[PDB]
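For reference, the structure is listed below as structure tokens.
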Amino acid sequence: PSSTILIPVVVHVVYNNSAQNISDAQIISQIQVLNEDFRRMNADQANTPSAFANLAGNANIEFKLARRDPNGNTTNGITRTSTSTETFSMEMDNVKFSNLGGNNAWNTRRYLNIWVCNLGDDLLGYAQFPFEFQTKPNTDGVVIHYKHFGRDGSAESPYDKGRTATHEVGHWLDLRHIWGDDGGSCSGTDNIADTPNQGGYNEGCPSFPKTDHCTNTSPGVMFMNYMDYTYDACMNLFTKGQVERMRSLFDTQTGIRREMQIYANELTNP
Amino acid sequence: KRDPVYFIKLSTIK
Ligand SMILES: [Ca+2]
Ligand SMILES: [Ca+2]
Ligand SMILES: [Zn+2]
């Protein structure tokens, strides 16, 4: 049993052309996907292998667009900023500052900021981890490539079901890659006991079961976990262990992100 | 998140 954790969200669309100024419907579809994936309401939970069904987690984390901005003014939770920057840089975090062609974050203690923009080459999106929250508060949040934001619509296959944001919100909530970021070895860890030890990342739509040198017997590795690198339509769960780690950030006494719950209701009611 | 299949379209042409 658990109480619902409520996350006020602001989406910052930063566009260099009309194609990048994505629709309100496309944004609403991304918030819908986050609520499905973090509340185990995703229809494709029907695709989770039965061997992992008893490990699938319901994070009971709800996302709502903000209705009050940091100045106390009414908002629909969507900002739109034209820019002369053609491609934003993860190294510079330039999408996160209006001085650098982007848009400043809204009080990161009270809002999840999701920037949407053009990113380079094979980067679908990126996050800032909770360990950087005290030292880098103004860049906390998530950035998603405009071609991989929302479900269907303007999103491009095979990353067209809004799972880049599920994966990045996972990192923003302290989750690490399921394979342990160790280039294929068995010695790295994601520090989640119920995710099977896994060599390297998976891609595309793997066949179940997929064993590797780290988990050499069926049911193998959880390549359909959101924290892998598989295609959007082929990922369909968080585990109960990942849910425990994410929710710990909202512990009322020690949670790094505990402040977000104090005014979440006030900031998401018009 | 990185797309591991991104450069296929680029590497198979001039
Ligand atoms: Ca693990
Ligand atoms: Ca590994
Ligand atoms: Zn990742």
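Going by the structure tokens order, chains are called A, B, ..., each with residues numbered from 1, while ligands are numbered from 1 in the order shown.
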
Could you give me, as CSV, every chain B residue with an atom at most 7 Å from chain A, plus its closest atom pair and distance in Å to one decimal, counting only C-alpha atoms, rows ordered by chain then number?
residue,atom,partner,partner_atom,distance
B:1,CA,A:124,CA,5.3
B:2,CA,A:123,CA,4.8
B:3,CA,A:122,CA,5.1
B:4,CA,A:203,CA,6.6
B:6,CA,A:122,CA,5.5

Export of the given selection (N, CA, C and O atoms) as a compact mmCIF listing (two decimals), in the first residue's frame:
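Written out: selection.txt:
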# COMPACT_ATOMS: atom_id res chain seq x y z
N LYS B 1 18.89 9.27 -22.70
CA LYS B 1 18.73 8.00 -23.42
C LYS B 1 19.35 8.16 -24.77
O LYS B 1 19.19 9.22 -25.40
N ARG B 2 20.09 7.13 -25.20
CA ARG B 2 20.72 7.14 -26.53
C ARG B 2 20.06 6.14 -27.42
O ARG B 2 19.68 5.06 -26.94
N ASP B 3 19.99 6.45 -28.72
CA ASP B 3 19.42 5.55 -29.72
C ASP B 3 20.56 4.72 -30.33
O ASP B 3 21.33 5.27 -31.15
N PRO B 4 20.73 3.43 -29.95
CA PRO B 4 21.87 2.65 -30.48
C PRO B 4 21.81 2.33 -31.97
O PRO B 4 22.80 1.89 -32.53
N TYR B 6 20.84 4.66 -34.30
CA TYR B 6 20.81 5.93 -35.00
C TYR B 6 21.74 6.00 -36.21
O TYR B 6 21.32 6.46 -37.28

What residues of the protein or nucleic acid chains come within 10 Å of ligand 2 when you use only C-alpha atoms and all ligand atoms? Reply as a PyMOL selection string.
chain A and resi 177-190+196-201+212-214

Please produce an output containing C-alpha atoms for each residue in the selection, written as a PDB file, in the first residue's frame.
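Result saved to result.pdb:
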ATOM      1  CA  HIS A 177      20.747   1.825 -16.267  1.00  0.00           C
ATOM      2  CA  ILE A 178      19.708  -1.758 -15.619  1.00  0.00           C
ATOM      3  CA  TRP A 179      23.016  -3.115 -17.052  1.00  0.00           C
ATOM      4  CA  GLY A 180      25.132  -1.046 -14.631  1.00  0.00           C
ATOM      5  CA  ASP A 181      27.026   1.231 -17.152  1.00  0.00           C
ATOM      6  CA  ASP A 182      29.947  -1.160 -17.232  1.00  0.00           C
ATOM      7  CA  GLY A 183      30.211  -1.813 -21.006  1.00  0.00           C
ATOM      8  CA  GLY A 184      28.964  -5.389 -20.943  1.00  0.00           C
ATOM      9  CA  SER A 185      30.624  -6.720 -17.797  1.00  0.00           C
ATOM     10  CA  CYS A 186      28.853  -8.341 -14.831  1.00  0.00           C
ATOM     11  CA  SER A 187      30.551  -6.190 -12.156  1.00  0.00           C
ATOM     12  CA  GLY A 188      28.575  -2.956 -12.465  1.00  0.00           C
ATOM     13  CA  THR A 189      25.217  -2.623 -10.739  1.00  0.00           C
ATOM     14  CA  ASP A 190      22.041  -0.590 -10.849  1.00  0.00           C
ATOM     15  CA  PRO A 196      18.574  -9.363 -12.893  1.00  0.00           C
ATOM     16  CA  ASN A 197      22.301  -8.714 -13.307  1.00  0.00           C
ATOM     17  CA  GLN A 198      22.824  -7.777 -16.965  1.00  0.00           C
ATOM     18  CA  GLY A 199      25.896  -7.443 -19.149  1.00  0.00           C
ATOM     19  CA  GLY A 200      25.284  -4.610 -21.558  1.00  0.00           C
ATOM     20  CA  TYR A 201      22.351  -2.624 -22.868  1.00  0.00           C
ATOM     21  CA  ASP A 212      23.580 -13.316 -21.057  1.00  0.00           C
ATOM     22  CA  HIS A 213      26.789 -14.128 -19.150  1.00  0.00           C
ATOM     23  CA  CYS A 214      25.444 -12.309 -16.022  1.00  0.00           C
TER      24      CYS A 214
END

Nearest residue to ligand 3 from the set A:62, A:174, A:69, A:140 (distances using only C-alpha atoms and all ligand atoms)
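For ligand 3, the nearest of the candidates is A:174.
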
Can you list, as a PyMOL selection string, every residue of range 13-225 of chain A that DSSP puts in strand (DSSP E or B)?
chain A and resi 13-15+56+61-65+68+74+78-82+88+112-117+119+123+125-127+142-145+151+161+210+220+225

In terms of the shortest atom-to-atom distance over only C-alpha atoms, which of A:55, A:193, A:116, A:14 is closest to residue 30 in chain A?
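Counting only C-alpha atoms, the residue closest to residue 30 in chain A is A:116.
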
Determine, counting only C-alpha atoms, which protein, DNA and RNA residues have an atom within 7 Å of an atom of residue 70 in chain A; residues of the same chain fewer than 2 positions away are not included. Present the result as an mmCIF file with N, CA, C and O atoms, in the first residue's frame.
data_model
loop_
_atom_site.group_PDB
_atom_site.id
_atom_site.type_symbol
_atom_site.label_atom_id
_atom_site.label_comp_id
_atom_site.auth_asym_id
_atom_site.auth_seq_id
_atom_site.Cartn_x
_atom_site.Cartn_y
_atom_site.Cartn_z
ATOM 1 N N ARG A 68 -0.125 27.242 -11.481
ATOM 2 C CA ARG A 68 0.392 28.471 -10.843
ATOM 3 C C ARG A 68 1.874 28.463 -11.033
ATOM 4 O O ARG A 68 2.528 27.454 -10.716
ATOM 5 N N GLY A 72 3.394 33.290 -8.998
ATOM 6 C CA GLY A 72 2.020 33.233 -8.490
ATOM 7 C C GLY A 72 0.974 33.509 -9.549
ATOM 8 O O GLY A 72 -0.219 33.622 -9.229
ATOM 9 N N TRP A 106 11.763 26.719 -13.622
ATOM 10 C CA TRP A 106 10.845 27.133 -12.578
ATOM 11 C C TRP A 106 11.265 26.404 -11.311
ATOM 12 O O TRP A 106 11.475 25.185 -11.364
ATOM 13 N N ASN A 107 11.332 27.124 -10.172
ATOM 14 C CA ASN A 107 11.712 26.608 -8.847
ATOM 15 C C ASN A 107 11.762 25.068 -8.817
ATOM 16 O O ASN A 107 10.737 24.420 -8.619
#

Which neighbours of residue 170 in chain A fall inside 12 Å, counting only C-alpha atoms, when residues of the same chain fewer than 5 positions from it are skipped, and could you give them as a PyMOL selection string?
(chain A and resi 34+37-38+59+61+126-130+141-142+163-165+175-178+225-228+237-239+242-247+249) or (chain B and resi 1)

For the residues in the current selection, export N, CA and C atoms as a compact mmCIF listing (two decimals), in the first residue's frame.
# COMPACT_ATOMS: atom_id res chain seq x y z
N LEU A 34 3.36 9.41 -18.92
CA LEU A 34 4.03 9.33 -17.62
C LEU A 34 3.07 8.79 -16.57
N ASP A 37 2.71 4.98 -17.11
CA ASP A 37 3.87 4.17 -16.78
C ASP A 37 4.21 4.19 -15.29
N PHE A 38 3.94 5.32 -14.62
CA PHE A 38 4.24 5.42 -13.20
C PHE A 38 3.09 5.03 -12.30
N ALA A 59 4.45 2.63 -9.29
CA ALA A 59 5.11 3.68 -8.51
C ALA A 59 4.16 4.58 -7.75
N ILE A 61 2.97 7.41 -8.66
CA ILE A 61 3.45 8.77 -8.84
C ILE A 61 2.60 9.36 -9.95
N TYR A 126 17.84 13.80 -21.90
CA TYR A 126 18.79 13.62 -20.80
C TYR A 126 18.23 14.19 -19.52
N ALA A 127 18.77 13.72 -18.38
CA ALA A 127 18.28 14.09 -17.06
C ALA A 127 19.41 14.61 -16.19
N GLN A 128 19.04 15.14 -15.04
CA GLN A 128 19.99 15.45 -13.99
C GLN A 128 19.60 14.58 -12.81
N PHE A 129 20.59 13.90 -12.21
CA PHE A 129 20.37 12.97 -11.10
C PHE A 129 20.23 13.71 -9.76
N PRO A 130 19.53 13.08 -8.78
CA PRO A 130 19.31 13.75 -7.48
C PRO A 130 20.60 14.11 -6.75
N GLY A 141 16.09 18.58 -13.66
CA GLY A 141 14.94 18.32 -14.51
C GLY A 141 15.34 17.44 -15.67
N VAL A 142 14.51 17.45 -16.72
CA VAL A 142 14.64 16.52 -17.85
C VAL A 142 14.54 17.28 -19.16
N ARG A 163 8.29 7.00 -24.19
CA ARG A 163 9.09 6.32 -23.19
C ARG A 163 10.48 6.96 -22.96
N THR A 164 10.90 7.90 -23.82
CA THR A 164 12.17 8.60 -23.52
C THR A 164 11.97 9.37 -22.21
N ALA A 165 10.81 10.03 -22.08
CA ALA A 165 10.52 10.76 -20.86
C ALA A 165 10.35 9.81 -19.66
N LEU A 175 17.07 6.37 -10.63
CA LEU A 175 17.34 5.06 -11.22
C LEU A 175 18.53 5.10 -12.15
N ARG A 176 19.29 4.01 -12.15
CA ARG A 176 20.43 3.85 -13.07
C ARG A 176 20.12 2.79 -14.11
N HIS A 177 20.87 2.83 -15.21
CA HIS A 177 20.75 1.82 -16.27
C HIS A 177 20.79 0.43 -15.70
N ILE A 178 19.87 -0.41 -16.17
CA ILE A 178 19.71 -1.76 -15.62
C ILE A 178 20.99 -2.61 -15.78
N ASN A 225 12.53 -3.45 -19.33
CA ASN A 225 12.52 -2.46 -18.26
C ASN A 225 12.71 -1.09 -18.87
N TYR A 226 12.03 -0.06 -18.34
CA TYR A 226 12.18 1.30 -18.90
C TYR A 226 13.61 1.83 -18.84
N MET A 227 14.46 1.26 -17.95
CA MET A 227 15.82 1.74 -17.77
C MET A 227 16.82 1.03 -18.65
N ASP A 228 16.33 0.30 -19.67
CA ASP A 228 17.19 -0.25 -20.70
C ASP A 228 17.19 0.74 -21.91
N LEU A 237 7.80 -1.96 -18.09
CA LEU A 237 7.72 -1.99 -16.63
C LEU A 237 8.87 -1.34 -15.94
N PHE A 238 8.58 -0.89 -14.72
CA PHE A 238 9.49 -0.67 -13.63
C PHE A 238 9.32 -1.86 -12.70
N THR A 239 10.35 -2.19 -11.90
CA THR A 239 10.17 -3.21 -10.88
C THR A 239 9.73 -2.59 -9.55
N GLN A 242 12.73 -0.81 -8.11
CA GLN A 242 12.93 0.52 -8.68
C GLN A 242 11.93 1.50 -8.07
N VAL A 243 10.65 1.07 -7.90
CA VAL A 243 9.63 1.92 -7.26
C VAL A 243 10.09 2.32 -5.86
N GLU A 244 10.64 1.37 -5.07
CA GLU A 244 11.11 1.69 -3.72
C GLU A 244 12.17 2.79 -3.74
N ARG A 245 13.13 2.68 -4.68
CA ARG A 245 14.19 3.67 -4.78
C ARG A 245 13.62 5.04 -5.18
N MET A 246 12.74 5.07 -6.19
CA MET A 246 12.19 6.36 -6.63
C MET A 246 11.38 7.05 -5.54
N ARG A 247 10.52 6.28 -4.84
CA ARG A 247 9.65 6.87 -3.83
C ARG A 247 10.43 7.36 -2.61
N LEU A 249 12.86 9.23 -2.48
CA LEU A 249 13.21 10.64 -2.65
C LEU A 249 12.15 11.57 -2.07
N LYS B 1 18.89 9.27 -22.70
CA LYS B 1 18.73 8.00 -23.42
C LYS B 1 19.35 8.16 -24.77

Please list as number ranges by chain every residue within 9 Å of residue 152 in chain A, counting only C-alpha atoms and excluding residues in the same chain fewer than 5 positions away.
A: 26, 29, 157, 160-162

Export of prior selection with N, CA and C atoms as a JSON list (two decimals), in the first residue's frame:
[["chain", "number", "residue", "atom", "x", "y", "z"],
["A", 26, "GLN", "N", 0.21, 17.06, -28.25],
["A", 26, "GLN", "CA", 1.41, 16.24, -28.14],
["A", 26, "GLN", "C", 1.94, 16.28, -26.69],
["A", 29, "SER", "N", -0.35, 14.29, -24.38],
["A", 29, "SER", "CA", -0.11, 12.85, -24.54],
["A", 29, "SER", "C", 1.13, 12.39, -23.74],
["A", 157, "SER", "N", 8.99, 7.12, -34.91],
["A", 157, "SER", "CA", 9.29, 5.72, -34.67],
["A", 157, "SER", "C", 10.80, 5.50, -34.80],
["A", 160, "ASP", "N", 8.47, 6.56, -30.27],
["A", 160, "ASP", "CA", 7.25, 7.30, -30.51],
["A", 160, "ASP", "C", 6.11, 6.95, -29.55],
["A", 161, "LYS", "N", 6.42, 6.38, -28.38],
["A", 161, "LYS", "CA", 5.35, 6.07, -27.41],
["A", 161, "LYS", "C", 5.58, 6.81, -26.08],
["A", 162, "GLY", "N", 6.42, 7.85, -26.10],
["A", 162, "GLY", "CA", 6.67, 8.70, -24.94],
["A", 162, "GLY", "C", 7.54, 8.08, -23.86]]

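Put simply, CA of residue 248 in chain A is 9.0 Å away from CA of residue 173 in chain A.
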
Spatial neighbours of residue 89 in chain A, 12 Å, only C-alpha atoms, chain gap at least 3 places, as a list in words:
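Returned residues: residues 85, 86, 92, 93, 94, 95, 96, 97, 100, 101, 102, 117, 118, 119, 120, 121, 123, 125, 126, 143, 144 and 145 of chain A.
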
For a quick check of understanding, using only C-alpha atoms and all ligand atoms, which of A:51, A:25, A:235, A:169 has the smallest distance to ligand 3?
A:169

Compare A:28, A:224, A:90, A:233 by their minimum atom-to-atom distance to residue 64 in chain A, counting only C-alpha atoms, and give me the closest one.
A:28

Calculate how many Å separate CA of residue 77 in chain A from CA of residue 65 in chain A, rounding to one decimal.
4.9 Å

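Within range 63-253 of chain A, DSSP applied to the backbone places the following residues in alpha helix (DSSP H): residues 163, 164, 165, 166, 167, 168, 169, 170, 171, 172, 240, 241, 242, 243, 244, 245, 246, 247 and 248 of chain A.
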
Could you take the residues named above and write them with C-alpha atoms, as a CSV table (one decimal), in the first residue's frame?
chain,number,residue,atom,x,y,z
A,163,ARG,CA,9.1,6.3,-23.2
A,164,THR,CA,12.2,8.6,-23.5
A,165,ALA,CA,10.5,10.8,-20.9
A,166,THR,CA,9.6,7.7,-18.7
A,167,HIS,CA,13.3,6.7,-18.8
A,168,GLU,CA,14.6,10.2,-18.1
A,169,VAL,CA,12.1,10.7,-15.2
A,170,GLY,CA,13.4,7.4,-13.9
A,171,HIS,CA,17.0,8.9,-13.8
A,172,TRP,CA,15.6,12.2,-12.3
A,240,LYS,CA,9.0,-3.0,-7.3
A,241,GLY,CA,12.7,-2.4,-6.3
A,242,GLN,CA,12.9,0.5,-8.7
A,243,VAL,CA,9.6,1.9,-7.3
A,244,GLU,CA,11.1,1.7,-3.7
A,245,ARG,CA,14.2,3.7,-4.8
A,246,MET,CA,12.2,6.4,-6.6
A,247,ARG,CA,9.7,6.9,-3.8
A,248,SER,CA,12.4,7.2,-1.2

In Å and to one decimal, CA of residue 40 in chain A is distant from CA of residue 4 in chain A by 12.7 Å
